[PDB]
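Shown next as structure tokens: one chain only, the form deposited without ligand TEN.
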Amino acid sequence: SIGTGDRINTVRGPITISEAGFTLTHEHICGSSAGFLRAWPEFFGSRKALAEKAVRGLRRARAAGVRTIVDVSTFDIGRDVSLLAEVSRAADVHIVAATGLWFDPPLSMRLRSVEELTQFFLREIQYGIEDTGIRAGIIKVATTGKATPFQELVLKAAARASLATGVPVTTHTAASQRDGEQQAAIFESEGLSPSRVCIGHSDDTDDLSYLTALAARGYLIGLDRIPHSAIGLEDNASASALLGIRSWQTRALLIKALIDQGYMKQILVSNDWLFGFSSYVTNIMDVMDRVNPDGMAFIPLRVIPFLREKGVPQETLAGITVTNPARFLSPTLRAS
């Protein structure tokens, strides 16, 4: 395989692979909908309040050593690259933007062909997002159980954009339903290397069979929702449905399990946090903030030490939080 220039696109421009440092690979500054943050900022108090909250959070995460986060917010998660650039500069944390489509594509996207979609993903990666010149450094896709016809098109366009640019693909999955397998099937049918793909939300399930089967094939396993837990909130139906009833320690243990299985090179870890969240019930943000006051700092502050205690070597945790993300994000073309 070959590289395209050894640089990773961030919202402040290209950085070298070494500059990425400690990287959280699945995060969000704001989980919203296309055009929403700009049409109704007051839903988050104000765009300023949101920016200010995000800067505090990024600064707290940075104090714990996070130097880079991958904001996997696609067009339909309401990604506002201008907001990302502003908070990245104010907090001095590298932010890698995404292209791709999540599970709320509007009609103008749902009626598109795979060829059309491939050109939109390529546009965001090569030309840049909107008119900002900010190029996407990752392609985000998703399935909530068996892929629907439109989602298959998205996965295929994702694989094509990745094969042409070298930018990796990262996925949302209904991990319990083993979505990662079908996703991998499609990706491979397009000729994409598994090393270019992270099967996300993999800690949303406890089947090590599933996870180790994927890692053996060469995929990156995204254990990205470690702090998500509604334990103690059984009285809240909406928060329970979203966060699940498994402990953060249960999720964290899958990281050690994969390490013991021998797949430390294939693990990517994250919080899947955000500072604003309009695509769910009102006030979900407050509920989650009570659940995990540490926000994106959760991984370094709670998870890394938990694993070290459970016996995982510090050398290994560095490999996971620094080396793996560096290899994943470096634009890499398949050998011609």
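Each residue number is its position in the shown sequence, starting from 1.
What follows is about the form solved in complex with ligand TEN, which we do not show.
A.B. asks: Answer for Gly295 alone: is it within 4.5 Å of ligand TEN in the deposited bound form, judged on heavy atom distances?
C.D. replies: The answer is no: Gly295 has no heavy atom within 4.5 Å of ligand TEN.
A.B. asks: So in the deposited bound form, is ligand TEN close enough to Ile77 to count as touching (4.5 Å, heavy atoms)?
C.D. replies: Taking the distances in the deposited bound form, the answer for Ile77 is yes, it comes within 4.5 Å of ligand TEN.
A.B. asks: Contact with ligand TEN in the deposited bound form for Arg178, defined as at least one heavy atom pair within 4.5 Å: yes or no?
C.D. replies: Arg178: no, not in contact with ligand TEN in the deposited bound form.
A.B. asks: Taking heavy atoms and a 4.5 Å cut-off, does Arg112 contact ligand TEN in the deposited bound form?
C.D. replies: No, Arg112 is distant from the partner.
A.B. asks: Pull the contact list for 233-270: residues with a heavy atom within 4.5 Å of ligand TEN in the deposited bound form, in sequence order.
C.D. replies: The stretch touches the partner through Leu242 alone.
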